[PDB]
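So the sequences go chain by chain: B and A.
Just so you know, PDB author numbering puts 167 at position 151 of the first sequence, and the rest follows in order with no gaps.
Just so you know, PDB author numbering puts 196 at position 181 of the second sequence, and the rest follows in order with no gaps.
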Amino acid sequence: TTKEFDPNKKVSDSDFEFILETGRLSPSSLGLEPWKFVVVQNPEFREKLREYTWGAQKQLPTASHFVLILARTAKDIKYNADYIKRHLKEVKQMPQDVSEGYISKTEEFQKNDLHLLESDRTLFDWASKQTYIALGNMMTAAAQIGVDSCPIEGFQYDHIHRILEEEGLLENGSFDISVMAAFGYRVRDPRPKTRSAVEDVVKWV
Amino acid sequence: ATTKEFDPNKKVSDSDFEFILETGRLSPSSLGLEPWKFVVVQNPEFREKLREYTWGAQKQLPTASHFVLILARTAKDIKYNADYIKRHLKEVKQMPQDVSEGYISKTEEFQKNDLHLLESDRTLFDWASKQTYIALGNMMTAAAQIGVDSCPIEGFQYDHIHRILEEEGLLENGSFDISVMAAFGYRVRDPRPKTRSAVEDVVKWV
């Protein structure tokens, strides 16, 4: 938990590549990797975002690196989307017949196991969940090399969506904003962590 | 790091598993609400009841050293005006009554207007569930740091799993619902190497 960074201490290229790499190598439901990591270093772009990111008033100006994590939309991660076909063939190297079975399974999973086809937002939120795995792993990776981080949800979706859309970063409706993340070196010690009593959040069966 | 099957005769030590569980509990959450519960299911009978409707853990449930159900808080507890939040801010975060009133107002504006979380009970639940996926990742990474393999599991029939957890009393009068499951143990063999999109396809710099 850091809210503010040292604006003059930058995470090295190769430390940041390690953070991004732990994101890329994160697991995802069905191996679909329904994410994109947009690293926003451009000062002016940060300032546009900051106007609608109440939760990053200090983080955006000071962060060494700032990441928008995008999740795939229903357009791309519904069972029968082309993104999934390309993904299974080109990344997972799945034969055509193996991929047909995999897609069938994906279909049954989405429709009847988790009821993801209720709405386009339900599918989006499923893909977004996968991005929170990457988020956690990227923050943990950072911490392991002495790099502080802050997850950021405090933004006005409508504005952020507009800004990213105009910028072309959502790739004709393939993506939407999932969550943001600032990385850098803290300028002060964090609030000491408070957490629920162990017996309130753990039960053994 | 992708394991579908474990050694049923190699158990994670209580101490090693506590390290895993603790990194989960210490995970960050939006607004610090920690909207989760970790149910560790070691009872082989209970595993078998889950297994009947958990297609995605046919081999994991029998063989895992440890099996975890991660629950998320429902609309009942993490809607801005819910009592869970007041108790949480007061008793865990030690917020003065005046500070907590402001925090709740902010939570309300955040949920209604910033992220549109009150579109349905399911959208609000899915927000809390996303917090649980942070913990899930952290638990998996912690495991890997100490040589422990892990498998996340979404491959289950919601309706059946919900019913089973509900009947067992684990959802605490609608306070929780199933978010995601996780198996922990020692692999029976090395996994294939990971395939992933090339870095230039999933990273973009502005």
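Virtual Cβ for every residue (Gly too), placed ideally from N, Cα, C.
The shortest CA-to-CA distance from residue 128 (chain B) to any of A:81, A:176, A:198 is the one to A:176. Around residue 35 (chain A), the same chain offers 154, 157, 158 as residues with beta carbons nearer than 6 Å, after the five sequence neighbours per side are excluded. Residues of the stretch 54-65 of chain A whose Cβ lies closer than 7 Å to any Cβ of chain B, in chain order: 54, 55, 56, 57, 58, 61.
With fewer than 16 neighbouring CB atoms inside 10 Å of its own CB, residue 28 (chain A) falls in the exposed class. Taking a C-beta cut-off of 8 Å against chain A, the contacting residues of the stretch 124-137 of chain B are 125, 128, 129, 130, 131, 134, 137, listed in chain order.
Residues of the stretch 174-188 of chain B that bring their beta carbon within less than 8 Å of a beta carbon in chain A comprise 183, 185, in sequence order. Within chain A, no C-beta atom comes nearer than 9 Å to that of residue 215 (chain B); the closest sits roughly 11 Å away. Contact between residue 84 (chain A) and residue 196 (chain A) holds: CB atoms are separated by about 5 Å, below the 8 Å threshold.
Counting of Cβ neighbours within 10 angstroms places residue 120 (chain A) among the exposed residues, the total staying below 16. Taken atom to atom, the span from the alpha-carbon of residue 219 (chain B) to that of residue 206 (chain B) is near 29 Å. The continuous alpha helix (DSSP H) containing residue 31 (chain A) extends over residues 29-40. Minimum Cα-Cα distance from residue 61 (chain A) among the listed residues A:194, A:180, A:94 corresponds to A:180. Within a 10 Å sphere around the beta-carbon of residue 209 (chain B) sit fewer than 16 other beta-carbons, which makes this residue exposed. Counting only residues of its own chain and dropping the five nearest sequence neighbours on each side, residue 17 (chain A) has a CB closer than 7 Å to the CB of 206, 209.
In the DSSP assignment, residue 161 (chain A) falls outside any alpha helix (DSSP H), carrying neither H nor E.
One finds nothing in chain B with a Cβ atom closer than 9 Å to the Cβ of residue 24 (chain A); even the nearest lies about 21 Å away.
Taking a Cβ-Cβ threshold of 7 Å, the residues of chain A close to residue 167 (chain B) are 43, in chain order. Excluding its 5 nearest sequence neighbours in each direction, residue 115 (chain B) has C-beta neighbours in its own chain below 6 Å: 104, listed in chain order.
The beta carbons of residue 168 (chain B) and residue 72 (chain B) sit about 5 Å from each other, so the pair counts as a contact at 8 Å. Between the alpha carbons of residue 148 (chain A) and residue 185 (chain B) lies a distance of about 25 Å. By the 16-neighbour rule on beta-carbons within 10 angstroms, residue 39 (chain A) is buried.
In terms of CA proximity to residue 75 (chain B), B:23 leads the group B:37, B:23, B:108. Short of 7 Å from the beta carbon of residue 95 (chain A), and not among the five residues preceding or following it, lie these beta carbons of its own chain, in chain order: 119, 122, 123, 126.
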